[PDB]
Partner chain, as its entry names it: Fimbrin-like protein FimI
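In structure tokens, one chain follows: the form deposited without the partner chain.
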């Protein structure tokens, strides 16, 4: 009887030519690292506790590819720390001398060039979960502030 305007729906997705497809919950996931004390990042090379995040793969076909690796891309904090993400929230409130390190399943920090892939993980037919960890890395004496960071990843099927 009465018809009114409702609104808009935006659909996001991608068609890939690969052995697996990234889950809808892994393409744009947010990782809450929590707070970290300055006393825990009081020197160069100091690290915080790790926070785990996963990249799920769906509809995997082991006949097409047997192993999958992930390479992360982002802004590095320095020219001597290529495996540490630079913080980026705003222009005023952000921690200095602090970055974010992404660790593959072997526990090694991945360099953020978009070309160095992590350790290959064998795939099974179906749903695959690749484990990663993230932590704060101190390039000096840390100062308080926001510690948000962003990165993109690509998956290599071989």
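Definition used throughout: the rigid core is the maximal C-alpha set that superposes within 1.5 Å between two forms. Positions refer to the first chain, counted from 1.
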{"property": "Core-aligned Cα RMS comparison in 4 other deposited structures of this protein - stretch that moves more, 26-34 or 88-96", "result": "88-96"}
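In what follows, reference is made to the form solved in complex with the partner chain, a form of this protein that is not presented.
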item: In the deposited complex, residue 95 touching the partner chain (heavy atom, 4.5 Å); value: yes
item: Contact flag, residue 110 vs the partner chain in the deposited complex, heavy atom cut 4.5 Å; value: no
